[PDB]
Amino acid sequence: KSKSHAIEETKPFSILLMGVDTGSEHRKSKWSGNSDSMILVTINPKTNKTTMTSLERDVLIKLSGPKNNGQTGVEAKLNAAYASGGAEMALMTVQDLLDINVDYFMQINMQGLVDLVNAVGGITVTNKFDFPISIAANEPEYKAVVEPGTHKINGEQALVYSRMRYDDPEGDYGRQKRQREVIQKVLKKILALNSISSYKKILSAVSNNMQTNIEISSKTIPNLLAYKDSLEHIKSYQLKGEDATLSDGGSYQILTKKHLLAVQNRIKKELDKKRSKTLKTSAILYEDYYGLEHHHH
């Protein structure tokens, strides 16, 4: 489903990486649920670099999607794209958000993350807090926790470490730094194996719980390995707007023009794309919302 050949031509590319919470029963739909995380990833084999931009789920945006969807062209939180249109709408909504075509797309459910961490023999994280990082309170199911200090945790713990939010003053932004951390570390671990055999085993270990836009076919490793060095250096960024409360008691995130442009172009420079002087997006800007631009409005 990838009308892109960036990997077959060792050209820099963008992949929308997503963590999906598909729930308890996966009958009707197996890949339907909520965007538990959204990160736009850039990889440039040439400049030998990688960047990760987390996308705030509470960002106010005009959902983009297929006409056959009741929620297309509707103002909601960015979180709602996947929620009411899954992968496709999330992708479309994200492409319109950043004003760019997203080469690939990858989604992994919670088991996948859990398994993935465990597959590389777990990871080591530091709990800067005094209490145990946990979400048993709001999700008694996830009883695992991360005691204060440094520890090598497992998949289950790792999941809890990247979901925690309410005990973190930084809320969803704190929660995201941690989300990026787990991703970056699991890669560092994978790559260290430095074994194509070890890789095959790992991608198959998560195989049943992750769906990609990639071909992953055979003869795909020479091509992909071409970017293994690029993963050696990751610059992480967080896309965020100013907080705001609307007609409904619901709290949102409204991006400013000055910011969203810069971030787009920063990403564009990564994929070797021309940057724009004037901004275009499907998201509600801080200025057009507060009529701060002296327009007819």
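For every residue, the number given is its place in the sequence shown, counted from 1.
A.B. asks: Can you tell me whether 235-243 has a higher mean C-alpha B factor than 51-59 in this record, or the other way round?
C.D. replies: Per the deposited B-factors, the answer is 235-243.
A.B. asks: Looking only at CA atoms, which has the higher mean B factor in the entry: 157-165 or 212-220?
C.D. replies: Comparing 157-165 with 212-220, the higher mean C-alpha B-factor belongs to 212-220.
A.B. asks: At the C-alpha atoms, which of 143, 128, 151, 175 reaches the highest B-factor in this entry?
C.D. replies: Spelled out: the listed residue with the top C-alpha B-factor is 143.
A.B. asks: By the entry's C-alpha temperature factors, tell me which of 253, 264, 37, 64 sits highest.
C.D. replies: Answer, based on the entry's C-alpha B-factors: 64.
A.B. asks: Sorting the chain's CA B-factors, does residue 285 end up in the lowest, middle or highest third?
C.D. replies: For residue 285, the deposited C-alpha B-factor lands in the middle third.
A.B. asks: Quick check on the deposited entry: does the C-alpha B-factor of residue 70 sit in the lowest, middle or highest third of its chain?
C.D. replies: Answer is middle: the recorded C-alpha B-factor places it there.
A.B. asks: Rank-wise, by C-alpha B-factor, drop residue 124 into the lowest, middle or highest third of its chain.
C.D. replies: Ranked within chain, residue 124 CA B lands in the lowest tercile.
A.B. asks: Would you check the entry's CA temperature factor for residue 186 and let me know if it's in the chain's lowest, middle or highest third?
C.D. replies: CA B-factor rank for residue 186: lowest third.
A.B. asks: In terms of the CA temperature factor given in the entry, to which third of its chain does residue 79 belong: lowest, middle or highest?
C.D. replies: For residue 79, the deposited C-alpha B-factor lands in the middle third.
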